[PDB]
2 protein chains.
Amino acid sequence: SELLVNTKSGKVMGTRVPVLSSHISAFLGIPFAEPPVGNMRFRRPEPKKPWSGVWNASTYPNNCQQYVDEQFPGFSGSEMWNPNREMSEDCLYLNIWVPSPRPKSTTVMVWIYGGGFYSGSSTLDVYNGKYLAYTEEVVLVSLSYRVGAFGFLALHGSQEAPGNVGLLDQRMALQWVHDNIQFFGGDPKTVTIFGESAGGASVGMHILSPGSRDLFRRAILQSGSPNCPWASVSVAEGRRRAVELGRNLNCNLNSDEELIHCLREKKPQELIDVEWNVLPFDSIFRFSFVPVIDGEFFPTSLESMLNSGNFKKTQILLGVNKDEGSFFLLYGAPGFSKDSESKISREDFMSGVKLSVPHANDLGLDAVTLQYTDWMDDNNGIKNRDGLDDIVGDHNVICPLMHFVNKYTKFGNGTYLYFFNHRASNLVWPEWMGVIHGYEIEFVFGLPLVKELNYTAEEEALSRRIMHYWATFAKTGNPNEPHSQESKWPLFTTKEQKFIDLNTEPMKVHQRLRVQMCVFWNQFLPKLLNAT
Amino acid sequence: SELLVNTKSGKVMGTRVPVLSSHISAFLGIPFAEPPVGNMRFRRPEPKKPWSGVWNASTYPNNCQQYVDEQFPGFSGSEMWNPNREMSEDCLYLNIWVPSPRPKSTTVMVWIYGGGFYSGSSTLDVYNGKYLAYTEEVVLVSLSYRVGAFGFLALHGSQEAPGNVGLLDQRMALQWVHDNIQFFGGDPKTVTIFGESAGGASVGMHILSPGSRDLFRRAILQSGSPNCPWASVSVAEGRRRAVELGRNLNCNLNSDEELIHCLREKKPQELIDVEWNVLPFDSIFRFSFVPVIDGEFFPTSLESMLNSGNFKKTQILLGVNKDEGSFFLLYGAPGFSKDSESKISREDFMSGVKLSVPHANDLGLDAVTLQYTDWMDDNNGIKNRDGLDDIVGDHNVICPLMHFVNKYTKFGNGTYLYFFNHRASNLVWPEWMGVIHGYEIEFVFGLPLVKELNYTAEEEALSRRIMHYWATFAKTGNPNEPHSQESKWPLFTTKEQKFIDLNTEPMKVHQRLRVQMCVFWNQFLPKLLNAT
Ligand SMILES: COc1cc(CNC(=O)Cc2cn(CCCC[C@H]3C[C@@H]4Cc5nc6cc(Cl)ccc6c(N)c5[C@H](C3)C4)nn2)ccc1O
Ligand SMILES: COc1cc(CNC(=O)Cc2cn(CCCC[C@H]3C[C@@H]4Cc5nc6cc(Cl)ccc6c(N)c5[C@H](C3)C4)nn2)ccc1O
Ligand SMILES: [Cl-]
Ligand SMILES: [Cl-]
């Protein structure tokens, strides 16, 4: 009864799940779109046709077709991110965790997974919404969206493969939440979207996109922003990559209709097998099929929208991790290894810089090298390693986010900024990688509250603080509880630019997050590359 | 008798001068060239014709015609550098201080004054060679040379104003020392030339010039090097400035012969009155008439000579002061004043950068600004002031000297490098100016040994250490006395790049003097400006 919900598309039957020492309801694998299969591959999603009978929402759905990381087989640190369900193009489902007893009209949070727009699953253990829904009394939704070529192959001008359809998948799930979350006890006028990495970029893209803005109230962006250099391409570059994808699969390339028809006859794994072959440069932190600046989802360039205030004005909470670059260097840069401290030679440093800034000319590469090299101590393998780590994280995550924060705050209604720099005590990744891209998520989703997962008591307390910040922000637009005597997370303002550290020690307020390096990345290096 | 010396140009009669609690002999105002007056203005010097009778060498000679600093009338800090004798184009004389009793064959040191190639006198109180000659038992020579347009007006191709004649003045004095210092008790095979600022650049130019190299044994360069950006111009730029000088004086400009003839009829002060009007840029630390890269005194570019080892291979001792830039900012940059702490606004900082790097385009100016700005604290007037101080000293003195040191040491026979960072207790200049350009000279010449000058006992001890370093280097090629248990000043080597601080505390050895900034000035910024 508590597990049966009538929605506008039909009835759904959930399941009662244990969480800590209580229970909540879960509605898993609810369809929000028609299966984008067959001649619907690459096309914009269509709403799910209403169904007769009762939809069995007791088990997780399929994951979308995607590249699977096999670099460390059996290693939990990498396999925890891989699809844990069967992959299928039939994958547009969402999941809902609902407090028990069912609320009347409570705050909703919608999670958008990341994964470079080429990977991601709503069903990962680390995305289990039951601890957040139970602890903070929110309705927690996780959506899914097509990734890779399936979600982002872009042949602008065509209506069969227009690009951005993964983002339209996200939007269709938000539309379904807007239309139906009331029946689960959610308040559709108090929806917060939040996401990490490409999901953080996606959140920012719905803030910008006129077609998405009305479908949520406020937003949280973790380690990703819409202006990140990896997060979008021009329509010309998307077309070049789509044509190169067909060339890899022996397709007729004489027209969009012939190319799209050829690509639609291929099995999913044949696209995945060649997807990485279309990148224009030898690079790390660059992905083949990503959002395209198309003039429809995004009416103009991202920079001109941010400059003019052409975006949703609301409250945002966002931040970054200390060592965003380390994951990408481990997988893609010579000299880095999982089982060594990865001290980097001068030659491997120069190779890494070239991989990390693929669009740079030799003068640009010299500028990056000078900015990040201690010339009193240039053969220090630890400083070279940490310098490359900083280059990758500053260029790809931190400095684009700081540019976004400063543009947004001029027109927005409240900005809260964090710097997550706690390394978990039970981390299976080597110590040189520090505070890794993606490893704040387990604190946001409350995994340290689970005794068997071997976190410390301080880490459980940190997780509870973070979950309460997130859910209080979602509820009110302010992560701070009023009338409480805890230290206050201050607003980020244009003038004072305050942020907080997120770790196990007492809260410290700082100003101008990595301002020196972000002047280099956001102002000087673009000017240098444009003049040369 | 001890005061009478027969030389190859004739007899000279010196004077007995008191020094501390003893006496030495002084031979002041000995002519080494014919007076470069009349139709000899701008021409290469001619040897002084031998004279009958006894030359009265008991009084200082005239100083060369030059610009006189009147920015702080009556202020000893600036007036101590001005001519202290009557100015005259009849000014090619040298001075000799000789220990008593007259030595047989002792080390000779020849001082070359600086002053931006536009000023300087051999007769300044701070250049009095009697303390060094007495204390260290050397024969101390100070020469003179034409400065300004008189010494450096350059119309390449003409034999009436070929350029570089001030450097040929220096060379003619060195030739006279080579030919005659034996009669004063000097060893002509153990001559060290030393000089500060433009005199340091000049010393380096005689190391490079094939026509000068045979006239001395080893060399000391203080706060100046031949490759400094202010120390030379091309023949085209020298010609442009000579023509502009004539335009300022209503000269016929249709041929070299007409221009030179017009310039030779002008009184000296009319040239001096307009000399600063010919500079191509709004600048500081740039001078109108300087050595020209002519293909004769310098056979090729300074850089190609340093790269190929086309220079005298010997021992060198050289170094810089901590705050070389402060003097130039005080006189030439907005926001700096003698009687205030000169806290610099953001706007005056940007004006100062533009003055300090006049050849830079806007991208180059942004690169300099980023390198020297703390963007966590960019409105700190003390940091802006000290940042400009560092820009001026790094660009104009320290980084060119470090480029010279590293090129020279590849082929040379021994390099000793110092960093003078002691601020004298009795300095009359404000504290913001720090360790000023030129203020190591009083320690080299032993002024702290004079009780009435109000130095401390530690500063007398520092002066004695420096004088002993200099004279022991002059004597042996090594500033360290063998068999002594004092801490050793190590050789500067290509690999370890060691240097010492010179101050009142116990000697400390460091490595890679200002290497971070000099990579910027010597490698990155030239590459940036060449590509743009
Ligand atoms: C793998 O083999 C090669 C790899 C390369 C180098 N490849 C690349 O540079 C392509 C690339 C791939 N990526 C990864 C994008 C990030 C996707 C995810 C983001 C989210 C957080 C996260 N963090 C992880 C951290 C570690 Cl240590 C390990 C796995 C992580 C992970 N899967 C995720 C997911 C995916 C969610 N960046 N660049 C070259 C040649 C190769 O043969
Ligand atoms: C003075 O009026 C103006 C001045 C300017 C600015 N002028 C300039 O930038 C031209 C310039 C002149 N200079 C000086 C070159 C250095 C020459 C001397 C070097 C040696 C060491 C020395 N140090 C001194 C330190 C102080 Cl604090 C004061 C005087 C010093 C001094 N005369 C010397 C001499 C000269 C020997 N650099 N740039 C613009 C407009 C003006 O009306
Ligand atoms: Cl680390
Ligand atoms: Cl200072």
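Chain A is the first sequence line, chain B the second, and so forth, proteins listed ahead of strands; every chain is numbered from 1.
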Chemist: Could you pull out all residues at least two apart from A:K11 that satisfy salt bridge (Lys or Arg N to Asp or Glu O under 4.0 Å)?
Modeler: none

Chemist: Keeping A:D169 on the side-chain end and A:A173 on the backbone end, is there a donor-acceptor pair under 3.5 Å?
Modeler: no

Chemist: Just how far is it from atom OG of A:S105 to atom CD1 of A:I181, taken to the nearest 0.5 Å?
Modeler: 10.5 Å

Chemist: Which atom pairs, one a donor and one an acceptor, fall under 3.5 Å between side chains of residues 32-46 of chain A and the rest of the protein, sequence neighbours left out?
Modeler:
from	atom 1	to	atom 2	distance (Å)
A:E34	OE2	A:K49	N	2.7
A:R41	NE	A:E89	OE2	2.8
A:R41	NH1	A:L263	O	2.8
A:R41	NH1	A:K266	O	2.8
A:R41	NH2	A:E89	OE1	2.9
A:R41	NH2	A:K266	O	3.0

Chemist: Report the residues that fulfil side-chain contact (heavy atoms from CB on, under 4.5 Å) with A:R102, sequence neighbours left out, ordered by chain and then residue number.
Modeler: A:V5, A:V98

Chemist: Test your reading of the model: is there a side-chain donor-acceptor pair from A:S463 to the backbone of A:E459, 3.5 Å cut-off?
Modeler: no

Chemist: Would A:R423 and A:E431 pass as an ion pair if we require N to O under 4.0 Å?
Modeler: yes

Chemist: Which distance, rounded to the nearest 0.5 Å, do you find between the OG of A:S100 and the CD of A:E137?
Modeler: 9.5 Å

Chemist: Taking the side chain as C-beta and beyond, is there a heavy-atom pair between A:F27 and A:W97 under 4.5 Å?
Modeler: no

Chemist: Ignoring hydrogens and angles, tell me if any N or O in the side chain of A:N321 forms a donor-acceptor pair with the backbone of A:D323 under 3.5 Å.
Modeler: no

Chemist: Excluding sequence neighbours, so at least two apart, what forms salt bridge (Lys or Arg N to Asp or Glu O under 4.0 Å) with A:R213?
Modeler: none

Chemist: Sort and list the pairs that fulfil disulfide (SG to SG under 2.5 Å) and have at least one residue in residues 65-98 of chain A, not counting sequence neighbours.
Modeler: A:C64-A:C91

Chemist: Find the distance between CD1 (A:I284) and CH2 (A:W230) and round it off to the nearest 0.5 Å.
Modeler: 14.0 Å

Chemist: Would you find a donor on one side and an acceptor on the other, under 3.5 Å apart, between the side chain of A:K312 and the backbone of A:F216?
Modeler: yes

Chemist: So do A:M205 and A:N164 actually touch side chain to side chain, heavy atoms under 4.5 Å?
Modeler: no

Chemist: By salt bridge (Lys or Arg N to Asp or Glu O under 4.0 Å), which residues pair with A:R464, not counting sequence neighbours?
Modeler: A:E460

Chemist: For this output row, return yes or no: ring centroids of A:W111 and A:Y127 closer than 6.0 angstrom.
Modeler: yes

Chemist: If you measure from CZ on A:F289 to CG on A:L271, what distance do you get to the nearest 0.5 Å?
Modeler: 8.0 Å

